[PDB]
Structure formats: structure tokens, C-alpha cells
Amino acid sequence: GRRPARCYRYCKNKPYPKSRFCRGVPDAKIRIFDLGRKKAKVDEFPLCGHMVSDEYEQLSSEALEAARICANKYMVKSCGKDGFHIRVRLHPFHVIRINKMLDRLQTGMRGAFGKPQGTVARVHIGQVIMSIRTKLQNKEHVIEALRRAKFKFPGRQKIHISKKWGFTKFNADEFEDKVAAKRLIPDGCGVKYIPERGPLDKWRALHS
Amino acid sequence: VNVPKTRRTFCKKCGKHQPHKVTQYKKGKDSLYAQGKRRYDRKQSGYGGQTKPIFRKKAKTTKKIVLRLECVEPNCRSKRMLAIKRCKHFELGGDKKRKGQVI
Amino acid sequence: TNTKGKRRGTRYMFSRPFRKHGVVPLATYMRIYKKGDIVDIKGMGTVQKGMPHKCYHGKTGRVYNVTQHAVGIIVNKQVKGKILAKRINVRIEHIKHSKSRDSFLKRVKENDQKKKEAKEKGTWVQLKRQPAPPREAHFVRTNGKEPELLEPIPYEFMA
RNA sequence: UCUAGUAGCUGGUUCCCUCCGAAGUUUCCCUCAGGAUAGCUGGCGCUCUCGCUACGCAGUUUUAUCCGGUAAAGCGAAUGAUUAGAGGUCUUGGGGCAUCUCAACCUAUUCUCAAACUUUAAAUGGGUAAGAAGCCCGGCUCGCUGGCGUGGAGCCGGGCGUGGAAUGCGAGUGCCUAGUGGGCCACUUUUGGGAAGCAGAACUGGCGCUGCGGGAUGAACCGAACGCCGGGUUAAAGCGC
RNA sequence: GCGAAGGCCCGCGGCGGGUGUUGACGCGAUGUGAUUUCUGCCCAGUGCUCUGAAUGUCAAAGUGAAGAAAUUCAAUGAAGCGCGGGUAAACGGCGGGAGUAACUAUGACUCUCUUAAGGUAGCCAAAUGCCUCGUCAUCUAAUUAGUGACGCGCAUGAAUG
RNA sequence: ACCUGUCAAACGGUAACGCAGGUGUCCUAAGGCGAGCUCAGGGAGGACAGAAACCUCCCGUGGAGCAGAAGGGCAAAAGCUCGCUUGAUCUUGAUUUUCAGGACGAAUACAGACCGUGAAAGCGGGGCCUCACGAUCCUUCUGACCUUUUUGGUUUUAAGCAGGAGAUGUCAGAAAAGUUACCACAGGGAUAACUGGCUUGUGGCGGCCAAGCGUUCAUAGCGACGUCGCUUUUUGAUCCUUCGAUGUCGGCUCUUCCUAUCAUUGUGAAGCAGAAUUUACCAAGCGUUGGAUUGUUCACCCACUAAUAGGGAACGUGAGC
RNA sequence: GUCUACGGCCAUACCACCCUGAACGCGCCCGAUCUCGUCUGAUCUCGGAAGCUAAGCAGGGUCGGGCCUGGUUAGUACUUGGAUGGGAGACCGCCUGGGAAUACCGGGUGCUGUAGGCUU
RNA sequence: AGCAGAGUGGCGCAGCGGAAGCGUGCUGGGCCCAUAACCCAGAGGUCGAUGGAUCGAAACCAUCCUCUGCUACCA
RNA sequence: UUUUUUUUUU
Ligand SMILES: [Zn+2]
């Protein structure tokens, strides 16, 4: 029912998103992007690992769904069902088309503009595909889970352990000091950054 | 469209703006003694058959509306022909629309 | 093929700049254009009358006629291998004075006065412009401070 | 016999050397195997210019000065699209049961996006200017304009050559004019298509019109373009036979 | 269709020719195709054909009126069309949609629409059936073939016999 | 024949039966001018009144409206409400857009008249801007104390001059139904119906990962979600070759070649006790049948067999039938 | 140091809230006979001068939002030109030149023209 | 383009100088215990309209929109 | 002018 993924791989068209100009788009195969214990705080999942793309290609929504499932299945078995948090950092927004599957119809290349077939995500070199945050002792399991999810993707991917704290944008070596100095206020899965560039009442509330 | 039955426009004979009566121009009947009709009749007589085209690929659905303006000055009573754009419905001296009416 | 419409593809060139919509500033109507001066054509979408065609936007010409609200301009237009001097009428809002001519008129003034000063002082002064010459020889002092040694940095794979 | 009927279609179209040398593109056409039209070509000139016993121009740069919304970037900026937690609460909300959790809304954050989105915004682009047709003084005309000796334009005298960036080059102009109006290929950009030695575009170069050295061979690649020769040296590519 | 001053037809032309040395048991024009047994319903459509005209439209010529005339206007105004008739062994056509009989499934009796009638008697995967090498039986060891049956038959069917 | 955004590679221009759309109109006002107001939405209040009746305050950069599609533009606006009007009128040239720098359509600044509006400056010769349309010949109306009407004169008539209108949508504008299997001619490989060539979507054949299946056990044997290939025994896509001709389906006959191996020789593995079977390796030497139905390739059945494997050679093979 | 009338450039000028405002002015303010217009003298128009800076308005303030400007991002992204560079490709590196934009971090918060006043 | 017509309880029609109907369609009632239509009864018509005439009009007259039949055809 | 049916042995 679906063409081999080699037919849609090389980002040969301009972005073709779902809009008022492109209607009738089938829903993407991947609808859940955050998995595991999403409600965990910053301080409990300090280690972060990324699956980084090493090619300029487009990855299908089916591939993203397959990789997410197999990465989740391994990390549940190895780290428990509440010992990690997986975030898929790719959303399928590009729509790929297909020409008609072939008396009353005009055959050939006449009127050959296609109909929507599926959705793929355009990824650049050095761009993160998936991220997993966990405790510092589950480094080997994070590498293994991302390694198995590589086989679901066409091109080449590299597994990288981040220098930042969890899913935040702040370095893990400075994170605790910033929290103690009240520069970083935890909120939910992430953190808030507090500058010295506002009304002094906010500073009063923080230090009260 | 709705065009009022009277309008104040320039009069070429009077040299100035005058009230005019507005009517709808209608094509007069063929003369039967115009030179083109005489020539066509001479060509059409005999055994040749139809000698000139008969138009059949009609495309226009409306017609340009031509207004006949007649000066109301009794000594002048001059006329002019003033065409407006195509319209499907044309009304002369219809009621004027108002905005406070209940729909 | 595409249309021959007059404002096709002027979506951005005739739009007003960001946070610069509204009333046209009044000094644009107060600029005075004489016969023979050079003006830049830049269509403004706020005024739809006397609007130059898109092919004259960004073009520069000289005034040959002055009317109550508009100006006639002799503008060069390239047409399929020949350049012809078109005459176009543009309202005042879509034009402004060209600063290239003003700079040259200033240089003529300082040249003529420098000739008069040179003749009265019995000296010779340079009046022709010259291209940037090669840099002259000079000394560079170290001030007893050794140059800092630079070195390529090791590669690091970031996120 | 009219009749050598007409054919935008196929075939053919006869000596030599010399010089110059294309087009398959624009617009109109019952126009799409054809024409007319502009373009590209040639021929005939002509008007001038420099120099010895410069009139001006330019597929270039520079110096000034404008024009732009593509690449990029952005979404804790507008329009759209979109993931996840967090903190509060009016709740024409719901559920389990004095209620309490969800949902809704708000606020501050967060993940990911746009050919027909954008605050911002290149590189390469396009226009103009770089003086004697200039500059500066004095006067005259006007029915236009007008508080005015106003303003604007025109006209008549006079003065000023350090010729007002670099580089290169001799220019201007008239008539007549054939062939062509099936194209094709390549770097980069680019639309449709899974794709194609597929179809369709932009810029430049090329093949067609062109042989020569190299790629064993080859329309287009790399090098280099050609009167008949001798010497020397190279390019691209090579140097076991 | 035609009783001869005619029907059908020939001919550039002649009250010229053929049928016709003929006269309805004849000549001319069509369709179906022995015998047997039958030949259902539809005249709305297209043709052909009849006269009631309530009679509308309706050229030339003729008539009247105005003007100086050319001209113009008015009344009158044949056939044909219109209008009402026949007619399918003329060309042809012959549906659905409902309302419903004690397991079902099937389902007469009632009413409606287009453009009149809704396919009767018979016959059939036929030289006519796409699906289809239809289903059952018989024929063989084995049969997309043959035969006999079956009936919602793409698209059978009554002198298009 | 036209218009909007994009394509389109930041001047302009730029193609495809590219993408998303609109047009053959509509308006005496929705044309023109002036004045006075502020719109969408939201919050908080008020008898019936409630999610939506009307009244009031507050916030509101336009998130509304401006008739048509879209883009741009616009706030004491170009939007809403009133008041007065006909600059949507009469003329001559110049210019822009498409462009050959012919035309038409549309549009821009002027100039001369006559007017509208407002206290006035001003603004207005149609629609806020970019679409909404049409030659010659012929006809028809309108204008002048107009010109001709042929020996002269008067009067009808006719002709002419200038501006509108009746239309050509194949929209630079012939007056136009079919069939040919009885066919004809000039041509075309500028162009279809075979082979071949590019491509491989589809067909066919493989591989990787491992969620599960297999009593137990991911991998004896399989293999979901995904993903990478190969082949040209399928069918498409394309139109490079051949239309002054490359004889065309199938069968029959005959040779050779390939291996992606059905059997047979030699082996490895098993959920291999034996028998039977399955998986894999070297491997194409040898063999791969007789018939009913069908023109058939294909299919199906009957029966033997060690097995009754799959293919190519111009979809081998018509001066072989 | 300031204001008023008319403006130019149109936020360094806007927005939210707080403080201060001498003198002239600008206002708020009082009233409806006339001019004028309303459901309503609220607005608009007209005639004033008892009171008040509460408001508008001006100046200042806020680890204020916005705005302007500069760093950083960063010689990164992108890009003119080049090669018989690499790579199966996707794409990438180098030579020759040009060269950005968020987040993040600082500084600033109207200048001014003509005419006429006050600060005596 | 020319002539001649017509629009009616919703219908098939009938008259010209006002009194609006008939078999049908809605409704209520007689008669019988029959399932009737005759029988009586009511409602339902701006008679498609703009103006003109006259003491008065679907009805008469001029035009529009809703058609009909026939005739006619150089942009 | 019409008016069909009506039930199982007991
Ligand atoms: Zn007059």
C-alpha cells in the first residue's frame, strides 16, 4: 500500500505543508512524541542522550513511529517504566505526493500533479532526532536504546551524550550552582531563567 | 442598474449645463433604400445563393445601454447619445434605495 | 504563461514599511523639483494615483516637466537589447531627490574655490580623485610585548 | 482537351579561389510541417576623428547614491501549523463521591515548522552620477505665477581649462538586405514526475556551423580553436609492452 | 397507391414516351419469407393521412387611403405550418417507485411519475449473457468443448416477425 | 481573451494539460464633495432577558469594513451615518501598461469649457489600486442655417463628414454536421500500435534490525513496525531508432545459453530416533513426460515419474511450417 | 529653566502606575439671552470668571514592558568565482572574495523651527 | 424583428361595463348503522401588474414579466 | 350504489 522509502528520501522539493492549499492529507503515523515519565522534574533526570542525524534527508512518519516504539520498549525493560523520558524532536510537516495508480481517465504524464500520500520530516546535518533523559547510571542503556532505533532510519545517525542537564539548554556543570544562586527556578520538566532585568518585586519574591 | 429620468449635463448647443430628459435608445428600422441594402439586394438576386456571411456564433448575453438625452430648453431641444456599461437589468426612474428600511 | 496585469508581483515593492503606515509625512509634498534635476522613483502604495509602473521602481531619471501634483521624468528602460528614454508622469509622493547629484555639485564647488585659492597662493593642489593607493611603508612597534601565539582549536561535536 | 491544373508537403538543383558570417527567440495570424513582424547576417556607402617627417564609447572596476524581500534566520514578534510539563482561577462543564480530582480558561516557559507567512535580512543583482551641454557674474523678455525689488522659464553679453576616478578603445550614421523562426547538451539554480538518455524553465558556455591533442572508442567532457612550412616549448594527459 | 384529364416512372423539349396489344383475378410501391401454431400493449415522439374550422401566421398580384411623386400605411390575404383526426404487418418503443399473503426467501390485490404503454405468449449463458470456464445433470480417467435443464435476460421476444 | 498570490533563483522578464483561485458582472450610488463619528472582539453592570434582543461604562493598531477572487492600501480614513449633487458631462493633443515600442482594452498627468461640493484651501472629468471586453464592410441614432446629389434652379430622397450603438468568447474578429471496414493522395519515425535503449513506480527475488510466534526459547524454522537493495521472464512511464514497410498471437521443430536447484553427485543445520520432510553450501554435468477442455500464453484436472524447477536468445524461431 | 499658537522629523516621543508643578499660559470650571445643535447645553456653538491643580498637560521616578542603539551569536549560517577535490550517493572539505538573524548582555528614553509670553 | 393572442378558489373553463361561479380540491353537518354521491353549508380568488378614460372595472386602453403559434434573418 | 371475515375440540 505504501511505496518503499527510497522513493521519498532526498528532500527534492520545497516544503509542502498542510494548509488551505493542500487538503486531504492523511494523518501522520506518529501522534505521540513524549513518552515515559513526562512529569519528572529537572533534578531527577540529569543525563541526556541524542540521536543526531548525519545526512540531509527526510524521514517518514512511519519511521519516527517505529523508532519511538522500539526505543521505548527497550528502556522500559532495562530502566523501568518510570525511569526515563523520551522526546521525539521531529514533527512530520512535509507532505509527499503520489501520481495515480495505473477509458474514463487520462493516462500518462498529462495532469501528473499528485495527491497527498503521507508525511515526512526534513532533517538537516547535525540535527537532533530523538532525546532521552534519565539518571546518570543508565548511560549504557540510553546508548543501547538509541542504537536499536537507528536501524529504523534510512541514513546515518550518531549517538551523542549531551553536555547539558536533561532537556534544558544549560550546561550540567553549572546547573546546580545556578539553581542555588536562584538564577534557575525549576518548573515542570524544564527550568526558568531569571535575569536581573525586571521589577525588583520579582527579586523580592524570589529571595523571600 | 437604475438611471433617473432627468439629469443636468452639458448641452453642446446651449454651451452650458442644462436639465435633460433621459430615455432609452432603440435601433430604428432598416431603410430598404440605404446604399448597403440596395447593394445587398442586387447581389442577392439571381442564382448565386447567399452572398454574404450570416453570423451564428453569438457570445454576448447583455448589451451596452445607450441613453438619449434631450435638452428641455424649448428653443434648443437638441439630442445626444450617451452610452453606459453593460447590464443585464436596466430600469429608468426606478425607486431610490434607502438604508433605514426593514429587510 | 502569467498575466499582464499592471500590479502583478508588487506584493512587497508597493507595501509600506513595518510600523510606517498611515498619513504621508508632509515634507514629501514640500520638496521642490525643478526642470533638469535627478529623482529616484519609488512607488508608494498609500497613494494609488500617479503610480509609476513596477519596471520604473528603483530607477533614476531627470525631470523634464513640472505640473500641479506630478512630474514628468525621462527614465532609461532596457527593452530586449535596446535602451530607450521613456517619458512617464509620476505624482510627487512616488519620487525623491537623488543624493548622487548633490554630492557631485558640492565637489564642483570645492574644486572651483580650491583653484581660486591655489592661484591666489601661487601653489598647486590635487583636484582629481585617485583610487586607493597601495599602503605605504611603516613601522609596527611591539612595545616589549610578544605577539600572542594562536593555534587551531580541537574539534568538539556539539548537540 | 481545359492542363505545364494547385500543393504550407518529398526528392533534386551543375566551375574555382578570396573575405564576412547566422537562427531555431518576441508579437500577430482557423497560427502549431506555413507565413508576416522584431531580432541575429551581409553588402553599398557616407559623416567625422587622431597622429608623424582625439569627437566619444565600454557585457570591466573604483568612488558616491538609490532600488529589492531570494538564501539565511524567526516563531518566549503578527498570520497560519504544532509537542510537553508547570503555576493560578470566573468556571450557562463533567465524573467519582461536605466536597475532591479532571477538562476549560489565563499566565510564564518549552519541542517542532511554512512556495502561495514574517519583525530582521545577505552574496550575486539592477538604476543614476563622476563637468566646457560645466561653473560663476551682468542684463533683457513673458500674455504664465504673484503681497513684493516675487517665482519659473527663455534669450543676450562676459569671465574661468589643473579637460575634474582607473583601464582600454577611433567613432557616428543611412539605405537595401538573405537565411532562420523544429534545436540539443553541461556547471550552478529550478517545476512536474519513484525515476528516466523523461517533460518544462533561468544564467553562462558549448554542439549545431568545428577540425586539432587527450578521455581506448564517443556531437556536447578536459586542453586548445585551424592559411602552407622549419626550429624550439608547452597545455590537458601521460612515460612496463 | 391508382377508375385513365389516373397511379408509378422516363424525357432539354412537343398532352413527347414506358407500364399499355394493359383496366383492380390489373399495373405500380414496400416489408416478411414454405407448411404448422401464434402475431400481445403503446398514436405521447417522428412520419404518413383526413376534414370541423374557433380559425392564428401567411408572398406575388389586385383594392383603398395620404403625399407632388418616388414612396408609405391599411384592409384583404392560396397552399403550407399551426389546430383537431385516423393510423404500428409505418419508423419505432415496451421502465421503475412505493403500498404487502402464520420459518424465511418470495410476495398477486391498491396508487403513482416521466414522454404513450410498461415485455404478453413463447424462448435462452443461444450465431444474442459483460460478470462467465454462470449453477445442476449427462457425456470422459480427466472436458474453458457438446447436449438437457434453471431462472430478475449487461443488452431475448413476437411480419424491426 | 483577461485578473490575484506563488512558481521566479531580493531590478524587470521568464515555461509546463505547474499549484491555489477569480471573470463575461454589479452600482443614481456602492460616482463626486463636505461634515460628524469609529470598527471586530472582550470585560463589568441593568425588569422580564436566557449562549445570542436593547441600555451604560471601560479596554480595543484595526485583529472589522471597503460587493464580487486574492494581494496591497486605509482610522477625527478609503470604513459608518447624514446633507447637497451628477467630474460617469463637452473638447485637443502628450504619456503609461501589452508591445513590433501598430492596434484594442485599461490607465496617468496636463490644457480649454461648463458644472458639483465645501466657509475655504482644495477635491471631482466614474467605482481606493491591479480583471470585467471587440477591427474593416453593413445597419441605426445623434450634430451643423455643413458639403455633394453630375445643364441650371426649388423640394423630397440618397451619398458624405464627426461622435455613440447592433459583434465577432476560436475574444487582431471564415458563414459551416457526420460516416467510411469499399476508400484515395502528399507526407511524417516532427507521432501512436512490436523489439531494442533509459527508468523500475508496479511485478518478481533478496538483505538488515528484532516486537512477537515456535509448550519452554527473538534468530531450528518464521518474522510485525520500520529500512536497504537487486533483476528486467510483469505491467506501466517515456518517444531515442525504424512509417519510399525490421511480416504480427500461439503452437509445432531445433540448438545453445542462465541459475534465482525440482531431481540426481558431495555436504553442512533442524523443534534431524528411524522413515518422511524442512533450511542452507559447492554445483547447470544430466533429466525435467503422456493426455481431456481452450486459438490461446496462462489455467485446471486425469496419470505415470527421480523430478515432473524457473527463464533468455529481436517477448529465439512465417523466403521453416 | 519652562509654556502657548502653528509645525518638521514621527515611540530615544508610546504604555502602566507613583511623586512634584512657582509665575504666565493651557485647562478643568460657571451659565444658556443671543449664534448654533442636541432625546439630553453630555458633545457642538455661544456668554463668562466664583473655585481648583483632583484631571488633562509638563518635569521626574520604576534592577518597569515596548522602542532606539551597541556587543554577543560569529567570521557561524549563507553566498560570487575555481578545480580531472572527496564521497556509491546524500552531501562535505579546500582556494578566491563578500558576509547575516534570534535567544543572551549592556547603554539611552525626544531633538528641534517660526512667532508670542513667564521666570521682574 | 412582424403579426395575432393569453395569465382567474390551486385547476378545465364561462361573459363585458362590478352580482365574482360551476365538477373538482379543505372543512362541518342530514339519511341509514350505512361505509356511497346527490344532498345543504361555509372558508379559499390582492383574476400579475404601472398609470389613462369614465358615475363607476380580471374585465376597456399604453408599457413591463410569463409564455404561445406562425413568419423573417448581410455587421 | 356497496355490507369481507369470525377461532379449536367441546
Ligand atoms: Zn440645449
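Order of the sequence lines fixes the chain letters, A, B, ..., with proteins taken first and strands second; residue numbering starts at 1 for each chain.
Residue B:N2 places its side chain closer to F:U28 than to any other of F:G12, D:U162, F:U28. Closest approach to the C:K77 side chain among G:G8, F:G101, F:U140 is made by F:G101 (side chain taken as heavy atoms from C-beta onward). In this structure, the nucleotide among F:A159, F:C90, F:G5 sitting nearest to the side chain of B:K12 is F:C90. Here D:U162 is the nucleotide among D:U162, H:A75, F:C129 with the atom lying nearest to any side-chain atom of C:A118. The nucleotide whose nearest atom lies closest to any side-chain atom of B:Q35 is, among F:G164, F:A159, D:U63, F:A159. Candidate nucleotides F:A109, F:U168, D:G193 were compared by shortest atom distance to the side chain of C:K49, and F:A109 ranks first. In the set F:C99, D:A64, F:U140, F:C99 carries the atom at the smallest distance from any side-chain atom of C:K86. Distances from the side chain of B:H89 to the nucleotides F:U6, F:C26, F:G13 place F:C26 closest. Residue B:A34 places its side chain closer to F:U140 than to any other of F:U140, F:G127, F:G226. When distances run from any side-chain atom of C:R7 to the nucleotides F:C115, F:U14, F:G72, the shortest one goes to F:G72.
Across all strands shown, C:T1 has heavy atoms under 4.0 Å from sugar-phosphate atoms exclusively, and none from any base. If you check every strand for non-hydrogen atoms under 4.0 Å, B:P4 touches a base. Within the nucleic acid shown, B:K27 comes within 4.0 Å of at least one base atom, counting heavy atoms only.
Remark: aromatic rings of C:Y29 and C:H69 are distant, center separation not under 6.0 Å.
For E:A78, the base is anti relative to its sugar; the glycosidic angle deviates from 0 by more than 90°. With its glycosidic angle more than 90° from 0, E:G96 is assigned anti. Within 90° of 0 lies the glycosidic angle of F:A245, which makes this nucleotide syn.
For E:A141, there is no paired base (Watson-Crick or G-U wobble, both distances below 3.5 Å). Across all strands shown, F:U288 forms no Watson-Crick or G-U wobble pair with both distances under 3.5 Å. Across all strands shown, nothing is found opposite D:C52 as a Watson-Crick or G-U wobble partner with both distances under 3.5 Å. Base pairing of D:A153 is made with D:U141, judged by Watson-Crick or G-U wobble geometry with both donor-acceptor distances under 3.5 Å. Checking G:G27 for Watson-Crick or G-U wobble geometry (two distances, each under 3.5 Å) identifies G:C52 as its partner. Using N1 to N3 plus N6-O4 or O6-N4 for Watson-Crick, or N1-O2 and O6-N3 for G-U wobble, each under 3.5 Å, G:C9 pairs with G:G110. H:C32: no Watson-Crick or G-U partner with both key distances under 3.5 Å is found in any strand.
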Sugar-phosphate means primed atoms, P, OP1 and OP2; the rest is base. With that split, encode nucleotides 72-88 of chain D 5' to 3' as B, S or - using protein heavy atoms under 4.0 Å. ----B-----SSSBS--
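Residue B:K37 contributes atom NZ, which lies 14 Å from atom P of H:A72 at whole-angstrom precision. To the nearest angstrom, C1' of F:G31 lies 13 Å from CD1 of B:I84. Spacing between atom CG of B:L69 and atom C1' of F:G163 amounts to 14 Å, rounded to whole angstrom units.
No Watson-Crick or G-U wobble pair joins G:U80 and G:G64 with the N1-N3 or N1-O2 distance and the second distance both under 3.5 Å.
For the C1' atoms, the distance linking F:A135 with F:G166 amounts to 15 Å, nearest Å. Atom name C1', nucleotides E:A60 and E:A90: the rounded distance is 38 Å, in whole Å. The separation of D:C176 from D:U204, taken at their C1' atoms, amounts to 35 Å, rounded to a whole angstrom. Spacing of P atoms, G:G7 relative to F:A76, comes out at 15 Å, to the nearest Å.
In this step of the strand, E:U128 does not stack on E:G129, since the centres of their six-membered base rings are not under 5.5 Å apart with ring planes meeting at under 30°. Neighbouring bases E:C15 and E:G16 form no stack, their six-membered rings failing the under 5.5 angstrom centre or under 30 degree plane limit. Remark: D:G181 and D:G182 are not stacked on each other (six-membered ring centres under 5.5 Å, interplanar angle under 30° not both met). Stacking status of F:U154 with F:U155: stacked, per the base-ring test of centres under 5.5 Å and planes under 30°. Remark: bases of strand neighbours E:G99 and E:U100 are unstacked by the 5.5 Å centre distance and 30° plane angle definition.
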List, one per line, each side-chain donor-acceptor pair under 3.5 Å for residues 99-117 of chain C, sequence neighbours excluded.
residue: C:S100; atom: OG; partner: C:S98; partner atom: OG; Å: 2.9
residue: C:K114; atom: NZ; partner: C:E110; partner atom: O; Å: 2.9

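For the pair C:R7 and C:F14, the cation-pi criterion (under 6.0 Å, within 45° of the ring axis) is not fulfilled. Both the sub-6.0 Å distance and the 45° axial angle are not jointly satisfied by A:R122 relative to the ring of A:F93. Geometrically, B:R68 does not engage B:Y25 in a cation-pi contact defined by less than 6.0 Å to the ring centre and at most 45° from the axis.
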Kindly indicate, with the supporting measurements, whether the criterion salt bridge (charged side-chain N to carboxylate O under 4.0 Å, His left out) is fulfilled by B:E70 and B:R77. CA-CA 6 Å; B:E70 176 167 348; B:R77 52 160 177 178; over 6 Å; no
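A:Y8 pairs with exactly one of A:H94, A:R3, A:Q58 by the side chain to side chain donor-acceptor pair (under 3.5 Å) rule, that one being A:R3.
Evaluation of B:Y40 against the base of H:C74 yields a stacking contact (centre distance < 5.5 Å, interplanar angle < 30°). In this structure, A:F21 packs face-to-face on the six-membered ring of D:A116, meeting both the 5.5 Å centre cutoff and the 30° plane limit.
Between A:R148 and F:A211 there is a side-chain polar atom (N or O) within less than 4.0 angstrom of OP1 or OP2. Listed pair C:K99 / D:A64 fails the phosphate criterion, with no side-chain N or O lying under 4.0 Å from OP1 or OP2. Note on B:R80: every side-chain N or O is 4.0 Å or more away from OP1 and OP2 of F:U142. The shortest distance between the side-chain N/O atoms of B:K79 and the OP1/OP2 oxygens of F:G143 is below 4.0 Å.
Residue order along RNA chain D, read from the 5' end via each residue's closest nucleotide, puts C:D40 first among A:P17 and C:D40. Summary of the strand contacts: C:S103 and C:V75 both lie near RNA chain D, and taking for each the nucleotide with the nearest heavy atom, the more 5' one is attributed to C:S103.
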Could you pull out the protein-nucleic contacts involving nucleotides 66-69 of chain E (nitrogen or oxygen on both sides, under 3.5 Å)?
none

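Taking CG of B:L69 as the start and CZ of B:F10 as the end, the distance is 13.0 Å to the nearest 0.5 Å.
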